[PDB]
file query.cif (mmCIF, N, CA and C atoms)
data_structure
#
loop_
_atom_site.label_atom_id
_atom_site.label_comp_id
_atom_site.auth_asym_id
_atom_site.auth_seq_id
_atom_site.Cartn_x
_atom_site.Cartn_y
_atom_site.Cartn_z
N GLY A 1 -7.41 -8.37 -31.45
CA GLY A 1 -6.77 -8.23 -32.75
C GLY A 1 -5.63 -7.23 -32.72
N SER A 2 -4.86 -7.24 -31.64
CA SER A 2 -3.73 -6.32 -31.50
C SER A 2 -2.42 -7.01 -31.86
N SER A 3 -1.49 -6.24 -32.40
CA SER A 3 -0.19 -6.78 -32.80
C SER A 3 0.83 -6.62 -31.67
N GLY A 4 1.47 -7.72 -31.30
CA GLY A 4 2.46 -7.68 -30.24
C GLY A 4 3.32 -8.93 -30.20
N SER A 5 2.69 -10.09 -30.37
CA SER A 5 3.40 -11.36 -30.35
C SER A 5 3.47 -11.97 -31.75
N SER A 6 4.36 -11.43 -32.58
CA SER A 6 4.53 -11.92 -33.94
C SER A 6 5.24 -13.27 -33.96
N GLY A 7 6.44 -13.30 -33.37
CA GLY A 7 7.20 -14.54 -33.33
C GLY A 7 8.14 -14.60 -32.14
N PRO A 8 8.96 -15.65 -32.08
CA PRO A 8 9.92 -15.85 -30.99
C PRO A 8 11.06 -14.83 -31.03
N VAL A 9 11.72 -14.65 -29.90
CA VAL A 9 12.83 -13.70 -29.80
C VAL A 9 12.39 -12.29 -30.16
N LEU A 10 11.67 -11.65 -29.25
CA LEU A 10 11.18 -10.30 -29.47
C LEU A 10 12.26 -9.27 -29.14
N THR A 11 11.96 -8.00 -29.39
CA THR A 11 12.90 -6.92 -29.12
C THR A 11 13.17 -6.79 -27.63
N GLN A 12 12.17 -7.12 -26.82
CA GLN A 12 12.30 -7.04 -25.37
C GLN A 12 11.28 -7.94 -24.68
N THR A 13 11.77 -8.80 -23.79
CA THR A 13 10.90 -9.72 -23.06
C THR A 13 11.55 -10.17 -21.76
N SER A 14 11.47 -9.33 -20.73
CA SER A 14 12.05 -9.64 -19.44
C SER A 14 11.28 -8.96 -18.31
N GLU A 15 10.61 -9.76 -17.49
CA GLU A 15 9.84 -9.23 -16.37
C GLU A 15 10.70 -9.07 -15.13
N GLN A 16 10.75 -7.86 -14.59
CA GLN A 16 11.55 -7.58 -13.40
C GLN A 16 10.66 -7.07 -12.27
N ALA A 17 11.29 -6.74 -11.14
CA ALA A 17 10.56 -6.23 -9.98
C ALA A 17 9.90 -4.89 -10.29
N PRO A 18 8.89 -4.53 -9.49
CA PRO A 18 8.15 -3.28 -9.66
C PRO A 18 9.00 -2.06 -9.29
N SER A 19 9.17 -1.15 -10.25
CA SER A 19 9.96 0.05 -10.03
C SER A 19 9.07 1.29 -10.02
N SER A 20 7.90 1.17 -9.39
CA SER A 20 6.96 2.28 -9.32
C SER A 20 6.09 2.17 -8.07
N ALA A 21 6.03 3.25 -7.30
CA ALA A 21 5.23 3.27 -6.07
C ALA A 21 3.74 3.26 -6.39
N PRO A 22 2.94 2.78 -5.43
CA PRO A 22 1.48 2.70 -5.58
C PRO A 22 0.82 4.07 -5.58
N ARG A 23 -0.27 4.20 -6.32
CA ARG A 23 -0.99 5.46 -6.41
C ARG A 23 -2.38 5.34 -5.78
N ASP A 24 -3.11 6.45 -5.75
CA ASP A 24 -4.45 6.46 -5.18
C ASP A 24 -4.44 5.95 -3.74
N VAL A 25 -3.29 6.09 -3.08
CA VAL A 25 -3.14 5.65 -1.70
C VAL A 25 -3.72 6.67 -0.73
N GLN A 26 -4.89 6.36 -0.17
CA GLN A 26 -5.55 7.25 0.77
C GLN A 26 -6.28 6.46 1.85
N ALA A 27 -6.27 6.98 3.07
CA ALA A 27 -6.93 6.32 4.19
C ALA A 27 -8.12 7.14 4.68
N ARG A 28 -9.30 6.53 4.66
CA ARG A 28 -10.51 7.20 5.11
C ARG A 28 -11.12 6.48 6.31
N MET A 29 -11.34 7.23 7.39
CA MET A 29 -11.92 6.67 8.60
C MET A 29 -13.40 6.36 8.41
N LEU A 30 -13.83 5.22 8.93
CA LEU A 30 -15.23 4.80 8.81
C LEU A 30 -15.88 4.68 10.19
N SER A 31 -15.07 4.36 11.19
CA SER A 31 -15.56 4.21 12.55
C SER A 31 -14.59 4.83 13.56
N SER A 32 -14.83 4.58 14.84
CA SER A 32 -13.98 5.11 15.89
C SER A 32 -12.67 4.33 15.99
N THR A 33 -12.70 3.08 15.54
CA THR A 33 -11.52 2.23 15.57
C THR A 33 -11.44 1.36 14.32
N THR A 34 -11.92 1.89 13.20
CA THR A 34 -11.90 1.16 11.94
C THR A 34 -11.53 2.08 10.78
N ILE A 35 -10.44 1.76 10.10
CA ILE A 35 -9.98 2.55 8.97
C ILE A 35 -10.10 1.77 7.67
N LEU A 36 -9.77 2.43 6.56
CA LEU A 36 -9.84 1.80 5.25
C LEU A 36 -8.72 2.30 4.34
N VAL A 37 -7.90 1.37 3.85
CA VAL A 37 -6.80 1.72 2.97
C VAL A 37 -7.02 1.18 1.56
N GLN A 38 -7.10 2.09 0.59
CA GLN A 38 -7.32 1.70 -0.80
C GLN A 38 -6.31 2.38 -1.71
N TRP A 39 -5.81 1.64 -2.69
CA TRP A 39 -4.83 2.18 -3.64
C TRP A 39 -4.96 1.49 -5.00
N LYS A 40 -4.18 1.96 -5.96
CA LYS A 40 -4.21 1.40 -7.31
C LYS A 40 -2.87 0.74 -7.64
N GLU A 41 -2.86 -0.04 -8.73
CA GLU A 41 -1.65 -0.72 -9.16
C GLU A 41 -0.59 0.27 -9.63
N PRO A 42 0.67 -0.17 -9.66
CA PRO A 42 1.79 0.67 -10.09
C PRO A 42 1.76 0.95 -11.59
N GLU A 43 2.61 1.88 -12.04
CA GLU A 43 2.67 2.24 -13.45
C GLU A 43 3.69 1.37 -14.19
N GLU A 44 4.67 0.87 -13.45
CA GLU A 44 5.71 0.02 -14.03
C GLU A 44 5.80 -1.31 -13.30
N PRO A 45 4.81 -2.18 -13.53
CA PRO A 45 4.75 -3.51 -12.91
C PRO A 45 5.93 -4.39 -13.30
N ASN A 46 6.14 -4.53 -14.61
CA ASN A 46 7.23 -5.35 -15.12
C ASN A 46 7.05 -6.81 -14.72
N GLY A 47 5.80 -7.24 -14.59
CA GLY A 47 5.51 -8.61 -14.22
C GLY A 47 4.17 -8.75 -13.52
N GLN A 48 3.72 -9.99 -13.36
CA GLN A 48 2.44 -10.26 -12.71
C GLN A 48 2.53 -10.00 -11.21
N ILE A 49 1.77 -9.02 -10.74
CA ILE A 49 1.76 -8.67 -9.33
C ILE A 49 1.17 -9.80 -8.49
N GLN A 50 1.90 -10.21 -7.45
CA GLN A 50 1.44 -11.27 -6.57
C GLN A 50 0.69 -10.71 -5.37
N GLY A 51 1.00 -9.46 -5.01
CA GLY A 51 0.35 -8.83 -3.89
C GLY A 51 1.02 -7.53 -3.49
N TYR A 52 0.80 -7.11 -2.25
CA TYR A 52 1.38 -5.87 -1.74
C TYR A 52 1.69 -5.98 -0.25
N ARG A 53 2.31 -4.93 0.29
CA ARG A 53 2.66 -4.91 1.71
C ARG A 53 2.30 -3.56 2.33
N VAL A 54 1.69 -3.61 3.51
CA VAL A 54 1.30 -2.39 4.21
C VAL A 54 2.05 -2.25 5.53
N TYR A 55 2.31 -1.01 5.93
CA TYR A 55 3.02 -0.74 7.17
C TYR A 55 2.29 0.31 8.01
N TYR A 56 1.82 -0.10 9.18
CA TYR A 56 1.10 0.80 10.07
C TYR A 56 1.41 0.48 11.53
N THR A 57 1.74 1.51 12.30
CA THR A 57 2.06 1.35 13.71
C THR A 57 1.94 2.67 14.47
N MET A 58 1.47 2.59 15.71
CA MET A 58 1.31 3.78 16.54
C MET A 58 2.66 4.42 16.84
N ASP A 59 3.71 3.62 16.78
CA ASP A 59 5.06 4.11 17.05
C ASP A 59 5.92 4.07 15.79
N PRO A 60 5.68 5.02 14.87
CA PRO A 60 6.42 5.11 13.61
C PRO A 60 7.87 5.53 13.81
N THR A 61 8.20 5.92 15.04
CA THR A 61 9.56 6.34 15.37
C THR A 61 10.56 5.22 15.12
N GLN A 62 10.06 3.99 15.05
CA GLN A 62 10.92 2.84 14.82
C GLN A 62 11.02 2.53 13.32
N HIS A 63 11.89 1.59 12.98
CA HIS A 63 12.09 1.20 11.59
C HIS A 63 10.87 0.47 11.05
N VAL A 64 10.56 0.69 9.77
CA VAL A 64 9.41 0.05 9.14
C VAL A 64 9.50 -1.47 9.26
N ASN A 65 10.71 -1.98 9.42
CA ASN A 65 10.93 -3.41 9.55
C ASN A 65 10.43 -3.92 10.90
N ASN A 66 10.29 -3.01 11.85
CA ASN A 66 9.82 -3.36 13.18
C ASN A 66 8.33 -3.06 13.33
N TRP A 67 7.81 -2.22 12.45
CA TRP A 67 6.40 -1.85 12.48
C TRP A 67 5.51 -3.09 12.52
N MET A 68 4.22 -2.89 12.77
CA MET A 68 3.27 -3.99 12.82
C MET A 68 3.14 -4.67 11.47
N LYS A 69 3.08 -3.87 10.41
CA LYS A 69 2.96 -4.39 9.05
C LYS A 69 1.64 -5.14 8.88
N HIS A 70 1.21 -5.29 7.63
CA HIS A 70 -0.03 -5.99 7.32
C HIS A 70 0.17 -6.99 6.19
N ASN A 71 -0.92 -7.61 5.75
CA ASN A 71 -0.86 -8.59 4.67
C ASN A 71 -1.83 -8.22 3.55
N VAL A 72 -1.46 -8.57 2.32
CA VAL A 72 -2.29 -8.28 1.16
C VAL A 72 -2.13 -9.35 0.09
N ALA A 73 -3.22 -9.66 -0.60
CA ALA A 73 -3.20 -10.66 -1.66
C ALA A 73 -3.87 -10.14 -2.93
N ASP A 74 -3.25 -9.13 -3.55
CA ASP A 74 -3.79 -8.54 -4.77
C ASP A 74 -5.25 -8.15 -4.58
N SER A 75 -5.51 -7.28 -3.61
CA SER A 75 -6.86 -6.82 -3.32
C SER A 75 -6.99 -5.32 -3.57
N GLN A 76 -5.87 -4.61 -3.46
CA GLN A 76 -5.86 -3.17 -3.66
C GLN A 76 -6.74 -2.47 -2.64
N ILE A 77 -7.04 -3.16 -1.54
CA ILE A 77 -7.87 -2.60 -0.48
C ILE A 77 -7.77 -3.44 0.79
N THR A 78 -7.63 -2.76 1.93
CA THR A 78 -7.52 -3.43 3.21
C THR A 78 -8.13 -2.60 4.33
N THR A 79 -8.88 -3.25 5.21
CA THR A 79 -9.52 -2.56 6.32
C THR A 79 -8.89 -2.96 7.65
N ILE A 80 -8.33 -1.98 8.35
CA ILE A 80 -7.69 -2.23 9.64
C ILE A 80 -8.54 -1.69 10.79
N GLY A 81 -8.56 -2.42 11.90
CA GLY A 81 -9.33 -2.00 13.05
C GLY A 81 -8.66 -2.36 14.36
N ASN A 82 -9.42 -2.28 15.45
CA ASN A 82 -8.89 -2.60 16.77
C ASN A 82 -7.78 -1.63 17.16
N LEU A 83 -7.97 -0.36 16.80
CA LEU A 83 -6.98 0.67 17.12
C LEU A 83 -7.49 1.59 18.23
N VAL A 84 -6.77 2.68 18.46
CA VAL A 84 -7.15 3.64 19.49
C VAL A 84 -7.49 5.00 18.88
N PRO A 85 -8.62 5.57 19.32
CA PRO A 85 -9.09 6.87 18.83
C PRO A 85 -8.20 8.02 19.30
N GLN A 86 -8.26 9.14 18.60
CA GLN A 86 -7.47 10.31 18.94
C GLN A 86 -5.99 9.95 19.05
N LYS A 87 -5.47 9.32 18.00
CA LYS A 87 -4.06 8.92 17.97
C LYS A 87 -3.55 8.84 16.54
N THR A 88 -2.47 9.56 16.26
CA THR A 88 -1.87 9.57 14.93
C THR A 88 -1.35 8.19 14.55
N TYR A 89 -1.67 7.76 13.34
CA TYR A 89 -1.23 6.45 12.85
C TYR A 89 -0.62 6.57 11.46
N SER A 90 0.54 5.94 11.28
CA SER A 90 1.23 5.97 10.00
C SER A 90 0.75 4.85 9.09
N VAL A 91 0.82 5.08 7.78
CA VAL A 91 0.39 4.08 6.81
C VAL A 91 1.26 4.13 5.55
N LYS A 92 1.71 2.97 5.10
CA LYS A 92 2.55 2.88 3.91
C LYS A 92 2.11 1.71 3.03
N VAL A 93 2.42 1.81 1.74
CA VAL A 93 2.06 0.77 0.79
C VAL A 93 3.11 0.64 -0.32
N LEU A 94 3.30 -0.58 -0.80
CA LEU A 94 4.28 -0.83 -1.86
C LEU A 94 3.84 -2.01 -2.73
N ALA A 95 4.52 -2.18 -3.86
CA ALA A 95 4.21 -3.27 -4.77
C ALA A 95 5.40 -4.21 -4.94
N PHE A 96 5.12 -5.51 -5.03
CA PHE A 96 6.16 -6.51 -5.19
C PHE A 96 5.71 -7.63 -6.11
N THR A 97 6.64 -8.18 -6.87
CA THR A 97 6.34 -9.27 -7.80
C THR A 97 7.21 -10.49 -7.52
N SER A 98 7.02 -11.54 -8.32
CA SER A 98 7.79 -12.77 -8.15
C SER A 98 9.28 -12.50 -8.27
N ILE A 99 9.63 -11.44 -9.00
CA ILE A 99 11.03 -11.07 -9.19
C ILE A 99 11.63 -10.50 -7.91
N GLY A 100 11.02 -9.43 -7.41
CA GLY A 100 11.51 -8.81 -6.19
C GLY A 100 10.50 -7.86 -5.58
N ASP A 101 10.99 -6.88 -4.82
CA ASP A 101 10.12 -5.91 -4.18
C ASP A 101 10.22 -4.55 -4.87
N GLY A 102 9.27 -3.67 -4.58
CA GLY A 102 9.27 -2.35 -5.18
C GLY A 102 9.39 -1.24 -4.15
N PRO A 103 9.60 -0.01 -4.62
CA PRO A 103 9.73 1.16 -3.75
C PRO A 103 8.41 1.54 -3.08
N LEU A 104 8.49 1.97 -1.83
CA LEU A 104 7.30 2.36 -1.08
C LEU A 104 6.71 3.65 -1.63
N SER A 105 5.61 4.09 -1.03
CA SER A 105 4.94 5.32 -1.47
C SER A 105 5.16 6.44 -0.46
N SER A 106 4.58 7.60 -0.75
CA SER A 106 4.71 8.76 0.12
C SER A 106 4.07 8.49 1.48
N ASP A 107 4.90 8.43 2.52
CA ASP A 107 4.42 8.17 3.87
C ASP A 107 3.29 9.14 4.23
N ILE A 108 2.15 8.59 4.61
CA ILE A 108 1.00 9.40 4.99
C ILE A 108 0.66 9.23 6.47
N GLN A 109 -0.14 10.16 7.00
CA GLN A 109 -0.53 10.11 8.40
C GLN A 109 -2.01 10.44 8.56
N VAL A 110 -2.76 9.52 9.16
CA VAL A 110 -4.19 9.72 9.38
C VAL A 110 -4.55 9.56 10.85
N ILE A 111 -5.32 10.52 11.37
CA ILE A 111 -5.73 10.48 12.76
C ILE A 111 -7.02 9.68 12.94
N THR A 112 -7.09 8.91 14.02
CA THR A 112 -8.26 8.10 14.30
C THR A 112 -9.39 8.94 14.89
N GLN A 113 -10.27 9.43 14.02
CA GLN A 113 -11.39 10.25 14.46
C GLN A 113 -12.61 10.03 13.57
N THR A 114 -13.79 9.96 14.19
CA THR A 114 -15.02 9.75 13.45
C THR A 114 -15.46 11.02 12.72
N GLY A 115 -16.03 10.85 11.53
CA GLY A 115 -16.48 12.00 10.76
C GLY A 115 -16.21 11.83 9.28
N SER A 116 -17.22 12.09 8.46
CA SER A 116 -17.09 11.97 7.01
C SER A 116 -17.60 13.22 6.31
N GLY A 117 -17.53 13.22 4.98
CA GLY A 117 -17.99 14.36 4.21
C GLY A 117 -16.86 15.28 3.80
N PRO A 118 -17.14 16.20 2.87
CA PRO A 118 -16.15 17.15 2.37
C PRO A 118 -15.77 18.19 3.42
N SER A 119 -14.46 18.40 3.59
CA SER A 119 -13.97 19.37 4.56
C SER A 119 -14.41 20.78 4.20
N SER A 120 -14.77 21.57 5.21
CA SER A 120 -15.21 22.94 5.00
C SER A 120 -14.27 23.92 5.69
N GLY A 121 -14.42 25.20 5.35
CA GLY A 121 -13.57 26.22 5.94
C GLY A 121 -12.10 26.01 5.64
#

call {"tool": "encode", "arguments": {"input": "query.cif", "output": "structure tokens"}}
result
Amino acid sequence: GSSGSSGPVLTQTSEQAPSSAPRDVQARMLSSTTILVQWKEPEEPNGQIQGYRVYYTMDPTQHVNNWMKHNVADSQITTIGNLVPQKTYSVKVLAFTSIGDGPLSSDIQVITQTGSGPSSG
């Protein structure tokens, strides 16, 4: 019972590409060669989200366009494995819609090491 669609020709009605980076982007190790990437939807979707794009590679020194990259279908969560322990790995996430693509998020770095729980000291 909310008011929003009174009649035709509204004050504003145009869905564009996502102009907001993904949040809650954090990578938590679960195994010796198995990670977990989870994030939340953007703040300014401006349209129905079709999915997302992830970027992870042992050699981040190269362009993200050359990175291994991953696939996503509106899951807000992806588990990557078959990696190497004791090795720094880069991870990135972004949002894209039928209109276009959106800006990436703050580049993060997670090391492949076993261990869970709250950090001490």

call {"tool": "residues_around", "arguments": {"input": "query.cif", "residues": "residue 18 in chain A", "least_positions_apart": "4", "cutoff": "8 Å", "atoms": "all atoms listed in the file", "output": "number ranges by chain"}}
result
A: 42-47, 95-103

call {"tool": "closest_residue", "arguments": {"input": "query.cif", "among": "A:34, A:109, A:48, A:76", "to": "residue 15 in chain A", "atoms": "only C-alpha atoms"}}
result
A:48

call {"tool": "select_by_dssp", "arguments": {"input": "query.cif", "residues": "range 66-111 of chain A", "states": "strand (DSSP E)", "output": "ChimeraX atom specification"}}
result
/A:77-78,88-97,108-111

call {"tool": "write_last_selection", "arguments": {"input": "query.cif", "atoms": "N, CA and C atoms", "output": "mmCIF file, in the coordinates of the input"}}
result
data_model
loop_
_atom_site.group_PDB
_atom_site.id
_atom_site.type_symbol
_atom_site.label_atom_id
_atom_site.label_comp_id
_atom_site.auth_asym_id
_atom_site.auth_seq_id
_atom_site.Cartn_x
_atom_site.Cartn_y
_atom_site.Cartn_z
ATOM 1 N N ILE A 77 -7.040 -3.160 -1.540
ATOM 2 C CA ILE A 77 -7.870 -2.600 -0.480
ATOM 3 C C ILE A 77 -7.770 -3.440 0.790
ATOM 4 N N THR A 78 -7.630 -2.760 1.930
ATOM 5 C CA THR A 78 -7.520 -3.430 3.210
ATOM 6 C C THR A 78 -8.130 -2.600 4.330
ATOM 7 N N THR A 88 -2.470 9.560 16.260
ATOM 8 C CA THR A 88 -1.870 9.570 14.930
ATOM 9 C C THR A 88 -1.350 8.190 14.550
ATOM 10 N N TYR A 89 -1.670 7.760 13.340
ATOM 11 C CA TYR A 89 -1.230 6.450 12.850
ATOM 12 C C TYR A 89 -0.620 6.570 11.460
ATOM 13 N N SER A 90 0.540 5.940 11.280
ATOM 14 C CA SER A 90 1.230 5.970 10.000
ATOM 15 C C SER A 90 0.750 4.850 9.090
ATOM 16 N N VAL A 91 0.820 5.080 7.780
ATOM 17 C CA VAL A 91 0.390 4.080 6.810
ATOM 18 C C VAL A 91 1.260 4.130 5.550
ATOM 19 N N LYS A 92 1.710 2.970 5.100
ATOM 20 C CA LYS A 92 2.550 2.880 3.910
ATOM 21 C C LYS A 92 2.110 1.710 3.030
ATOM 22 N N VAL A 93 2.420 1.810 1.740
ATOM 23 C CA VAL A 93 2.060 0.770 0.790
ATOM 24 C C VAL A 93 3.110 0.640 -0.320
ATOM 25 N N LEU A 94 3.300 -0.580 -0.800
ATOM 26 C CA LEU A 94 4.280 -0.830 -1.860
ATOM 27 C C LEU A 94 3.840 -2.010 -2.730
ATOM 28 N N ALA A 95 4.520 -2.180 -3.860
ATOM 29 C CA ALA A 95 4.210 -3.270 -4.770
ATOM 30 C C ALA A 95 5.400 -4.210 -4.940
ATOM 31 N N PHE A 96 5.120 -5.510 -5.030
ATOM 32 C CA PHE A 96 6.160 -6.510 -5.190
ATOM 33 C C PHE A 96 5.710 -7.630 -6.110
ATOM 34 N N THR A 97 6.640 -8.180 -6.870
ATOM 35 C CA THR A 97 6.340 -9.270 -7.800
ATOM 36 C C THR A 97 7.210 -10.490 -7.520
ATOM 37 N N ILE A 108 2.150 8.590 4.610
ATOM 38 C CA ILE A 108 1.000 9.400 4.990
ATOM 39 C C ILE A 108 0.660 9.230 6.470
ATOM 40 N N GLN A 109 -0.140 10.160 7.000
ATOM 41 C CA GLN A 109 -0.530 10.110 8.400
ATOM 42 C C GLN A 109 -2.010 10.440 8.560
ATOM 43 N N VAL A 110 -2.760 9.520 9.160
ATOM 44 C CA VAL A 110 -4.190 9.720 9.380
ATOM 45 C C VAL A 110 -4.550 9.560 10.850
ATOM 46 N N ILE A 111 -5.320 10.520 11.370
ATOM 47 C CA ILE A 111 -5.730 10.480 12.760
ATOM 48 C C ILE A 111 -7.020 9.680 12.940
#

call {"tool": "residues_around", "arguments": {"input": "query.cif", "residues": "residue 55 in chain A", "least_positions_apart": "6", "cutoff": "5 Å", "atoms": "all atoms listed in the file", "output": "ChimeraX atom specification"}}
result
/A:69-70,90-92

call {"tool": "resolve_selection", "arguments": {"input": "query.cif", "expression": "the PyMOL selection byres (((chain A and resi 114 and name CA) around 6) and name CA)", "output": "PyMOL selection string"}}
result
chain A and resi 31-32+113+115

call {"tool": "write_last_selection", "arguments": {"input": "query.cif", "atoms": "N, CA and C atoms", "output": "compact mmCIF listing (two decimals), in the coordinates of the input"}}
result
# COMPACT_ATOMS: atom_id res chain seq x y z
N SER A 31 -15.07 4.36 11.19
CA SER A 31 -15.56 4.21 12.55
C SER A 31 -14.59 4.83 13.56
N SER A 32 -14.83 4.58 14.84
CA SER A 32 -13.98 5.11 15.89
C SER A 32 -12.67 4.33 15.99
N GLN A 113 -10.27 9.43 14.02
CA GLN A 113 -11.39 10.25 14.46
C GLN A 113 -12.61 10.03 13.57
N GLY A 115 -16.03 10.85 11.53
CA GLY A 115 -16.48 12.00 10.76
C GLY A 115 -16.21 11.83 9.28

call {"tool": "closest_residue", "arguments": {"input": "query.cif", "among": "A:30, A:17, A:89, A:77", "to": "residue 60 in chain A", "atoms": "all atoms listed in the file"}}
result
A:89

call {"tool": "atom_distance", "arguments": {"input": "query.cif", "atom1": "atom N of residue 4 in chain A", "atom2": "atom C of residue 40 in chain A"}}
result
25.5 Å

call {"tool": "atom_distance", "arguments": {"input": "query.cif", "atom1": "atom N of residue 111 in chain A", "atom2": "CA of residue 28 in chain A"}}
result
8.8 Å

call {"tool": "build_atoms", "arguments": {"input": "query.cif", "residues": "range 73-84 of chain A", "atoms": "N, CA, C and O atoms", "output": "PDB file, in the frame of the given file"}}
result
ATOM      1  N   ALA A  73      -3.220  -9.660  -0.600  1.00  0.00           N
ATOM      2  CA  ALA A  73      -3.200 -10.660  -1.660  1.00  0.00           C
ATOM      3  C   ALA A  73      -3.870 -10.140  -2.930  1.00  0.00           C
ATOM      4  O   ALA A  73      -4.917 -10.631  -3.339  1.00  0.00           O
ATOM      5  N   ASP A  74      -3.250  -9.130  -3.550  1.00  0.00           N
ATOM      6  CA  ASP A  74      -3.790  -8.540  -4.770  1.00  0.00           C
ATOM      7  C   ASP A  74      -5.250  -8.150  -4.580  1.00  0.00           C
ATOM      8  O   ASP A  74      -6.126  -8.615  -5.308  1.00  0.00           O
ATOM      9  N   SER A  75      -5.510  -7.280  -3.610  1.00  0.00           N
ATOM     10  CA  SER A  75      -6.860  -6.820  -3.320  1.00  0.00           C
ATOM     11  C   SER A  75      -6.990  -5.320  -3.570  1.00  0.00           C
ATOM     12  O   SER A  75      -8.081  -4.822  -3.844  1.00  0.00           O
ATOM     13  N   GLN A  76      -5.870  -4.610  -3.460  1.00  0.00           N
ATOM     14  CA  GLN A  76      -5.860  -3.170  -3.660  1.00  0.00           C
ATOM     15  C   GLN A  76      -6.740  -2.470  -2.640  1.00  0.00           C
ATOM     16  O   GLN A  76      -7.145  -1.319  -2.830  1.00  0.00           O
ATOM     17  N   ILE A  77      -7.040  -3.160  -1.540  1.00  0.00           N
ATOM     18  CA  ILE A  77      -7.870  -2.600  -0.480  1.00  0.00           C
ATOM     19  C   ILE A  77      -7.770  -3.440   0.790  1.00  0.00           C
ATOM     20  O   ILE A  77      -7.824  -4.665   0.748  1.00  0.00           O
ATOM     21  N   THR A  78      -7.630  -2.760   1.930  1.00  0.00           N
ATOM     22  CA  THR A  78      -7.520  -3.430   3.210  1.00  0.00           C
ATOM     23  C   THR A  78      -8.130  -2.600   4.330  1.00  0.00           C
ATOM     24  O   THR A  78      -7.933  -1.382   4.387  1.00  0.00           O
ATOM     25  N   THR A  79      -8.880  -3.250   5.210  1.00  0.00           N
ATOM     26  CA  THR A  79      -9.520  -2.560   6.320  1.00  0.00           C
ATOM     27  C   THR A  79      -8.890  -2.960   7.650  1.00  0.00           C
ATOM     28  O   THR A  79      -8.917  -4.129   8.037  1.00  0.00           O
ATOM     29  N   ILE A  80      -8.330  -1.980   8.350  1.00  0.00           N
ATOM     30  CA  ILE A  80      -7.690  -2.230   9.640  1.00  0.00           C
ATOM     31  C   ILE A  80      -8.540  -1.690  10.790  1.00  0.00           C
ATOM     32  O   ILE A  80      -9.171  -0.639  10.667  1.00  0.00           O
ATOM     33  N   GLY A  81      -8.560  -2.420  11.900  1.00  0.00           N
ATOM     34  CA  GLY A  81      -9.330  -2.000  13.050  1.00  0.00           C
ATOM     35  C   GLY A  81      -8.660  -2.360  14.360  1.00  0.00           C
ATOM     36  O   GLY A  81      -7.479  -2.687  14.390  1.00  0.00           O
ATOM     37  N   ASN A  82      -9.420  -2.280  15.450  1.00  0.00           N
ATOM     38  CA  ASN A  82      -8.890  -2.600  16.770  1.00  0.00           C
ATOM     39  C   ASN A  82      -7.780  -1.630  17.160  1.00  0.00           C
ATOM     40  O   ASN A  82      -6.786  -2.014  17.772  1.00  0.00           O
ATOM     41  N   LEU A  83      -7.970  -0.360  16.800  1.00  0.00           N
ATOM     42  CA  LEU A  83      -6.980   0.670  17.120  1.00  0.00           C
ATOM     43  C   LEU A  83      -7.490   1.590  18.230  1.00  0.00           C
ATOM     44  O   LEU A  83      -8.507   1.311  18.859  1.00  0.00           O
ATOM     45  N   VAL A  84      -6.770   2.680  18.460  1.00  0.00           N
ATOM     46  CA  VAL A  84      -7.150   3.640  19.490  1.00  0.00           C
ATOM     47  C   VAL A  84      -7.490   5.000  18.880  1.00  0.00           C
ATOM     48  O   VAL A  84      -6.770   5.525  18.033  1.00  0.00           O
TER      49      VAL A  84
END
